[PDB]
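Below, read A as the first sequence line, B as the second, and so on, with proteins coming before strands; counting in each chain starts at 1.
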Amino acid sequence: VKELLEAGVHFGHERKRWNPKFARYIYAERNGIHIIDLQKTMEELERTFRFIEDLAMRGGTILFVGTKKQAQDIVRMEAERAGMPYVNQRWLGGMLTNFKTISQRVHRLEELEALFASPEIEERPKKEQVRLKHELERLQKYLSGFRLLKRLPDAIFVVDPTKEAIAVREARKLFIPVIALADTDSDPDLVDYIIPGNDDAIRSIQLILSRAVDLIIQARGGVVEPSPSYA
Amino acid sequence: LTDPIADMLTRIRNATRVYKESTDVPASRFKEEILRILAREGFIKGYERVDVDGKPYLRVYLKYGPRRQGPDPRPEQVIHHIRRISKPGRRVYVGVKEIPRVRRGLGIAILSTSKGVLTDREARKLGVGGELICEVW
Amino acid sequence: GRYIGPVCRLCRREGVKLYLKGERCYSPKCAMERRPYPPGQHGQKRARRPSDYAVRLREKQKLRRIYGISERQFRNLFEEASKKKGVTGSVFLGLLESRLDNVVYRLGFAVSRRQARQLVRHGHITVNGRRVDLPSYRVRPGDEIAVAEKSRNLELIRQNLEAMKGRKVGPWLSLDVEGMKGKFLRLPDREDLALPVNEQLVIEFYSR
Amino acid sequence: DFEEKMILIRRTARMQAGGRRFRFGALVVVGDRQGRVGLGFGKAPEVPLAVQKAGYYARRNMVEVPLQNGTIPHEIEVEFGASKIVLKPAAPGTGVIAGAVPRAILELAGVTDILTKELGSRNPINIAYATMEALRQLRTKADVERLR
RNA sequence: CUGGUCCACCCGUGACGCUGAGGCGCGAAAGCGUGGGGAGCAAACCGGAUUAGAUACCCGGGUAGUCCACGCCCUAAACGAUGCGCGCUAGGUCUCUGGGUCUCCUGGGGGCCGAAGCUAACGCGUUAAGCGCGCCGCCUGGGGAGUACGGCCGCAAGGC
RNA sequence: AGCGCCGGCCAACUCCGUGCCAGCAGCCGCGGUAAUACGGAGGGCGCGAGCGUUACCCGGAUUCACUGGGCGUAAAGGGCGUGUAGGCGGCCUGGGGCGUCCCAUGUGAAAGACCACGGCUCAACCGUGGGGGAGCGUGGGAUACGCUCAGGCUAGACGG
Ligand code: SF4
Ligand SMILES: [Mg+2]
Ligand SMILES: [Mg+2]
Ligand SMILES: [Mg+2]
Ligand SMILES: [Mg+2]
Ligand SMILES: [Mg+2]
Ligand SMILES: [Mg+2]
Ligand SMILES: [Mg+2]
Ligand SMILES: [Mg+2]
Ligand SMILES: [Mg+2]
Ligand SMILES: [Mg+2]
Ligand SMILES: [Mg+2]
Ligand SMILES: [Mg+2]
Ligand SMILES: [Mg+2]
Ligand SMILES: [Mg+2]
Ligand SMILES: [Mg+2]
Ligand SMILES: [Mg+2]
Ligand SMILES: [Mg+2]
Ligand SMILES: [Mg+2]
Ligand SMILES: [Mg+2]
Ligand SMILES: [Mg+2]
Ligand SMILES: [Mg+2]
Ligand SMILES: [Mg+2]
Ligand SMILES: [Mg+2]
Ligand SMILES: [Mg+2]
Ligand SMILES: [Mg+2]
Ligand SMILES: [Mg+2]
Ligand SMILES: [Mg+2]
Ligand SMILES: [Mg+2]
Ligand SMILES: [Mg+2]
Ligand SMILES: [Mg+2]
Ligand SMILES: [Mg+2]
Ligand SMILES: [Mg+2]
Ligand SMILES: [Mg+2]
Ligand SMILES: [Mg+2]
Ligand SMILES: [Mg+2]
Ligand SMILES: [Mg+2]
Ligand SMILES: [Mg+2]
Ligand SMILES: [Mg+2]
Ligand SMILES: [Mg+2]
Ligand SMILES: [Mg+2]
Ligand SMILES: [Mg+2]
Ligand SMILES: [Mg+2]
Ligand SMILES: [Mg+2]
Ligand SMILES: [Mg+2]
Ligand SMILES: [Mg+2]
Ligand SMILES: [Mg+2]
Ligand SMILES: [Mg+2]
Ligand SMILES: [Mg+2]
Ligand SMILES: [Mg+2]
Ligand SMILES: [Mg+2]
Ligand SMILES: [Mg+2]
Ligand SMILES: [Mg+2]
Ligand SMILES: [Mg+2]
Ligand SMILES: [Mg+2]
Ligand SMILES: [Mg+2]
Ligand SMILES: [Mg+2]
Ligand SMILES: [Mg+2]
Ligand SMILES: [Mg+2]
Ligand SMILES: [Mg+2]
Ligand SMILES: [Mg+2]
Ligand SMILES: [Mg+2]
Ligand SMILES: [Mg+2]
Ligand SMILES: [Mg+2]
Ligand SMILES: [Mg+2]
Ligand SMILES: [Mg+2]
Ligand SMILES: [Mg+2]
Ligand SMILES: [Mg+2]
Ligand SMILES: [Mg+2]
């Protein structure tokens, strides 16, 4: 499922803005840029993909977490492929530790999923009506993938654990496996199942994400091949 | 430097709090006889006599507990506490009858005796007292 | 001397029957059946949360008022139990039950500890064959506590031992009715009594 | 189920234009009398909610505290900033020797016999936290040789 | 004319070290003694305003003194309110000054932000207020009072 | 059969009287016309031939901190150097055996204390037995560390 010629997308970056705790996954500092060693990645993917495949094999649920620009749309696709919950735009504080309370915003969502599912009564003030069509969109803008998350997840798969320290901190507090792909600017000790590598190259973000999702399909029966590897 | 022994107890203390794999100690015979105790008792994986920038040192190989769950995954320490007792400013000598038990036996006490460097349990076995070098648990 | 005052207000304050009268304590006339609230003006006012010093003081007055013993002796006997070997709670109880006047009561020669004390102070009780008129005399394993010869022909211990024929005295004790003598076999264990007291709180009281 | 004890209730105050407006703080330990204890601090605008809120958090902050015939396995000292608790194991016939705050914690953990002593700031809250962290660091022979 | 200090080479001595009660020296300003100097400035002081007052702030004047030489005084928010020495415990950024193979690597300083850890908190953090050892100084409720008595010092003020 | 106490600490509360008065008070504090805090009364709590008070010692007081504290801003770094005495001191080999550790032995009176048993009816009181030390004298032994003496080293320190 893995590769060895994945070294043709990323092998690391981020020039001397590093976290010293990451040095045990760094091979050399060449063009001003810290270069990640992938023999450290290959062993680690063996751990992570051992965890991911074994997790879906028993009915798990991985909350995929991506927020930044270079990983915005790709995390939407890959989580929808495996039918997995994603958080796309903003990570709402408490989403995990205050789950039974933010989930109270998807019930309001399903409400406007029924209301604007013709008709209940649309014959109630259009102002009072189009008031809601904006509240509808907003809920979809932030709860589009979290809605399928009906219960506190079994693990989370984040794109950037520094950029997403809030989500990590909550999951760590709930004894939730924190699995993540991370480059030279993050804390290995905070990640339960690590994937050392670039998290800014879309050419690399999609790679370790798209063919990680592929592994999730084969663990819940049957395979599919093509996912969006847009150029 | 004024107390080579307290320096080594402290080099290790500082090394275990940042979870270093190893830490070098300036080499001496009395320090071997103390690291001899620490390894056999499980507190360290052991040591080897090495050479740093031409000078004899002692690479001490440390040890830690399992990775823990929750916030702060950092593992519990195997050496929780390693404390100088007898100091150049105040020597501490106990006869055999007043050798302390460290943490109700779940810890050790290293002493220097005319029969060599022993643990507290080793001292009463040989029936001798000595100079309380340190307590460890 | 000992407390020679009203006795039902004692149980009423402690909130549990302290069988300190004998007959009356098993009739509907027992004042703990009728009014089970503290004596005096404010008994029927609803109680507040007592302090933990109150909880321990109350457990320690209960234990002391059971044996009708002065605080001086009750504390004296506590301190012997304390400095003794190990388990203080058991020893304080055992040394308390070792008192002669108490043993007279447990044997059934008397219906109440107050009466038991008087049976001794008036000489009607002997220990191993000698008049021993001391309420605080320490009975030990082996002794034979009896009724004096010039006493065995007296209404009170005759009637008292009668109803004792119907009673089964504590295991650590022995009783030969009609001979009017008993034996102290061994000082009681912990569970030999179900005294309405948590003696661990009494230790807690004096450790302050 | 578990058993609760209210160590501390107290009234605090904030100010605004108009005068002082009060809050209530509840410091409650909950135990199993057989090795489970928890400590919780619950603050609310009225006394019952806080007393009930603290018992909630308590049930979600428990410690193993491994007894040994009613006593702790080894002597321990913990500082929680200026507050300091000392705990020493003690034989059977001795009792629980502690002030009210650590007593409520040890007695709800099933500790029947121990010697304690508070030092420095005997501030109940910080003493309570320091007592919990002391129990949290209790080790057994099977705990330590497994580590070594 | 003279001190300190850093760096390169790794050439010499072979533990010759660290701290340091006493001692001794240095010690901002102001002040003191004897001469000298005196533009500006300016305690005191005089005047003009302001004000209920205005022994002030504001204005116009102005003597010590501020300056020099020598001899005293020895105080301070004399502060980083942080004693000295040594070893150990992530890094990022800016700067001064050395050395190299001149990306940078490496020393010795000066700042900022921060790991672990410390702290009552504020904050400290390889320039520790972290982890350790040595030695010294010092604290032990506020006011009385840094006063009194005594002693030592000083020309005095006054200092210890 | 009495004495103290019933606002919190701290165990025990109501009515009257008083109205910043009279008074209470170990500390925090009570009394200004509805006082569980003053005075009496009822009731209640604690002890009991006692109960209270004053004085003083130890404790709580890790508040002189050996066990077992501190000094940026809470009280606390000497204004700074230099240096006497003194405290303290790197790596390696050995000689001694001062410290230190061990073994043996002498001393450590009786009484007291503690444990067992017994005599005064119990107890207090008292008899009989048992068990110990530390410290010092002496004899034997150990030599890791501290000490000393001797020899070697170069990592500290100093010099070119
Ligand atoms: S009659 Fe009832 S209330 Fe009175 S002393 Fe006996 S048990 Fe107690
Ligand atoms: Mg990034
Ligand atoms: Mg000795
Ligand atoms: Mg009667
Ligand atoms: Mg006591
Ligand atoms: Mg006491
Ligand atoms: Mg355990
Ligand atoms: Mg502290
Ligand atoms: Mg505190
Ligand atoms: Mg205090
Ligand atoms: Mg206080
Ligand atoms: Mg050389
Ligand atoms: Mg040479
Ligand atoms: Mg001067
Ligand atoms: Mg001047
Ligand atoms: Mg002059
Ligand atoms: Mg002039
Ligand atoms: Mg004028
Ligand atoms: Mg004027
Ligand atoms: Mg005017
Ligand atoms: Mg005028
Ligand atoms: Mg002027
Ligand atoms: Mg002028
Ligand atoms: Mg002029
Ligand atoms: Mg300055
Ligand atoms: Mg100062
Ligand atoms: Mg100094
Ligand atoms: Mg400088
Ligand atoms: Mg620098
Ligand atoms: Mg931190
Ligand atoms: Mg400290
Ligand atoms: Mg802060
Ligand atoms: Mg800051
Ligand atoms: Mg900082
Ligand atoms: Mg730095
Ligand atoms: Mg002073
Ligand atoms: Mg003073
Ligand atoms: Mg002065
Ligand atoms: Mg003076
Ligand atoms: Mg004078
Ligand atoms: Mg001074
Ligand atoms: Mg009283
Ligand atoms: Mg009292
Ligand atoms: Mg009360
Ligand atoms: Mg007094
Ligand atoms: Mg009136
Ligand atoms: Mg009023
Ligand atoms: Mg009135
Ligand atoms: Mg009063
Ligand atoms: Mg009073
Ligand atoms: Mg009154
Ligand atoms: Mg009497
Ligand atoms: Mg005192
Ligand atoms: Mg006490
Ligand atoms: Mg003291
Ligand atoms: Mg004092
Ligand atoms: Mg100390
Ligand atoms: Mg202090
Ligand atoms: Mg100050
Ligand atoms: Mg200074
Ligand atoms: Mg001075
Ligand atoms: Mg010297
Ligand atoms: Mg020396
Ligand atoms: Mg030495
Ligand atoms: Mg000797
Ligand atoms: Mg003796
Ligand atoms: Mg004697
Ligand atoms: Mg005797
Ligand atoms: Mg004797």
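Base pair annotation for F/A157 with E/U13: paired, by the Watson-Crick or G-U wobble rule (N1-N3 plus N6-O4 or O6-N4, or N1-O2 plus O6-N3, under 3.5 Å). With both distances under 3.5 Å, F/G4 pairs with F/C45 in Watson-Crick or G-U wobble fashion. Taken together, F/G79 and F/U73 do not qualify as a Watson-Crick or G-U wobble pair under the 3.5 Å criterion applied to both distances. Pairing check for F/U93 against F/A150: the two satisfy the Watson-Crick or G-U wobble geometry, each of the two atom distances being under 3.5 Å. Under the 3.5 Å cutoff applied to both distances, F/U107 and E/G132 fail to qualify as a Watson-Crick or G-U wobble pair. F/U82 and E/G23 make a Watson-Crick or G-U wobble pair, with both donor-acceptor distances under 3.5 Å. The base of F/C71 does not engage F/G146 as a Watson-Crick or G-U wobble partner with both distances under 3.5 Å.
Using a 4.0 Å heavy-atom criterion, one finds that C/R48 contacts the sugar-phosphate atoms exclusively. Contact annotation for C/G1: base contact, defined as any heavy-atom pair under 4.0 Å involving a base atom. No engagement by B/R36 is indicated, since no non-hydrogen atom pair under 4.0 Å with the nucleic acid exists. Backbone-only engagement by C/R58 is indicated by non-hydrogen atom pairs under 4.0 Å involving sugar-phosphate atoms exclusively. At a threshold of 4.0 angstrom between heavy atoms, the contacts of C/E71 are confined to the sugar-phosphate backbone, with no base atom among them. Residue contacts shown for C/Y3 include a base, since a base heavy atom lies under 4.0 Å away. C/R208 comes within contact range of the sugar-phosphate backbone alone, with a heavy-atom separation under 4.0 Å but no base atom that close. Counting non-hydrogen atoms under 4.0 angstrom, B/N14 reaches a base of the nucleic acid. Residue C/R13 is in sugar-phosphate contact alone, with no base atom involved, counting any heavy-atom pair closer than 4.0 Å across all strands shown. Across all strands shown, C/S51 has heavy atoms under 4.0 Å from sugar-phosphate atoms exclusively, and none from any base. Among the atoms of the strands shown, none is found under 4.0 Å from any heavy atom of D/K84.
Between C/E71 and C/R65 there is no salt bridge, since none of the side-chain N atoms of the basic residue sits less than 4.0 Å from a carboxylate O of the acidic one. With respect to C/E97 and C/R113, a salt bridge is recorded, a charged nitrogen being found less than 4.0 Å from a carboxylate O.
Taking for each of D/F80 and A/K21 the nucleotide of RNA chain E with the nearest heavy atom, the 5'-most of the two is the partner of A/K21. Both B/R83 and B/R17 lie close to RNA chain E; mapped to their nearest nucleotides by heavy-atom distance, the more 5′-ward contact belongs to B/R17. A residue-by-residue look at C/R64 and D/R122 shows that C/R64 has its nearest nucleotide of RNA chain F further toward the 5' end. The residue among C/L134 and C/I69 whose nearest nucleotide of RNA chain F lies closer to the 5′ end is C/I69.
As rounded to the nearest Å, E/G151 and F/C66 have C1' atoms that lie 36 Å from one another. Going from the P atom of E/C133 to that of E/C152 covers 45 Å, rounded to whole Å. Taking the P atom of each, E/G17 and E/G100 are spaced 33 Å apart, rounded to whole Å. Between the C1' atoms of E/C58 and E/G27, the separation comes to 39 Å (whole Å). Only the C1' atoms considered, E/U106 is 12 Å distant from E/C102, to the nearest whole Å. Taking atom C1' on both nucleotides, F/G97 is separated from E/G4 by 49 Å, rounded to a whole Å. The separation of E/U97 from E/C57, taken at their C1' atoms, amounts to 50 Å, rounded to a whole angstrom. Comparing F/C47 with F/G42, their P atoms are spaced 23 Å from each other, to the whole Å.
At whole-Å resolution of the value, CD in B/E98 and P in F/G133 are 14 Å apart. Whole-Å rounding puts the B/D53 CG to F/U154 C1' distance at 14 Å. Computed from coordinates, the C/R49 CZ to F/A12 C1' distance equals 19 Å when rounded to whole Å. For the pair C/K45 NZ and F/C6 P, the computed distance is 18 Å after rounding to whole Å. Computed from coordinates, the C/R138 CZ to F/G118 P distance equals 13 Å when rounded to whole Å.
Base stacking between E/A120 and E/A121 is present, with six-membered ring centres under 5.5 Å apart and ring planes under 30° to each other. Base stacking between strand neighbours F/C16 and F/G17 is present, with six-membered ring centres closer than 5.5 Å and ring planes inclined by less than 30 degrees.
When the nucleotides F/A144, E/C133, F/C47 are ranked by their closest atom to the side chain of C/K60, F/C47 comes out on top.
OP1 or OP2 of E/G92 lies within a sub-4.0 Å distance of a side-chain N or O belonging to A/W18. An OP1 or OP2 oxygen of F/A11 is reached within less than 4.0 angstrom by no side-chain nitrogen or oxygen of C/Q61. Of the side-chain N and O atoms in B/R13, none sit less than 4.0 angstrom from OP1 or OP2 of E/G87. Between A/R17 and E/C113 there is no side-chain N or O to OP1 or OP2 distance below 4.0 Å. The shortest distance between the side-chain N/O atoms of C/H42 and the OP1/OP2 oxygens of F/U14 is below 4.0 Å. Close to F/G89, at under 4.0 Å from its OP1 or OP2, lies no side-chain N or O of B/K87.
Taking the six-membered ring where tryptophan is involved, the planes of B/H81 and B/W137 are essentially parallel, since the angle between them stays under 30° and well short of 60°.
A positive value of the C1'-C2'-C3'-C4' torsion places the sugar of E/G108 in the north (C3'-endo) family. A positive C1'-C2'-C3'-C4' dihedral is found for the sugar of F/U128, placing it in the north range. Pucker annotation for E/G146 reads south, on the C2'-endo side, since its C1'-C2'-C3'-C4' dihedral is below zero. Sugar puckers are classed by the sign of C1'-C2'-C3'-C4'; that of E/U101 comes out south, on the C2'-endo side. Sugar pucker annotation for F/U100: north, assigned from a positive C1'-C2'-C3'-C4' dihedral.
In F/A61 the base sits syn relative to the sugar, since the glycosidic angle is no further than 90° from 0. Base orientation of F/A34: syn (glycosidic angle within 90° of 0). A glycosidic torsion no more than 90° from 0 defines the syn conformation; E/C136 lies beyond that range and is anti.
Checked by atom type, the side-chain pair A/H13/A/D200 shows a donor-acceptor distance below 3.5 Å. For the residue pair C/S136 and C/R99, a side-chain donor N or O sits within less than 3.5 Å of a side-chain acceptor on the partner.
On a pure distance criterion of 3.5 Å, a polar donor-acceptor pair joins the side chain of B/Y93 and the base of F/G99.
Checked against salt bridge (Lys or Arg N to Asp or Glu O under 4.0 Å), B/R91 has the following partners two or more places apart in sequence or in another chain: B/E131.
Environment of CZ in D/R11: sparse, with no more than 12 heavy atoms of neighbouring residues, nucleotides or ligands closer than 6.0 Å. Annotation: C/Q44, atom CD; neighbour count of heavy atoms from other residues, nucleotides and ligands within 6.0 Å does not exceed 12.
Side chain of B/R68 to backbone of B/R74: a donor-acceptor contact under 3.5 angstrom is found.
Figure legend. E/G144 is base-paired to no nucleotide; pairs are counted as Watson-Crick or G-U wobble with both atom distances under 3.5 Å.
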Apply ring-ring contact (aromatic ring centres under 6.0 Å, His included) to residues C/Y67 and C/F74 and explain how you reach the verdict. CA-CA 9 Å; C/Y67 300 95; C/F74 183 97; 8.0 Å; no
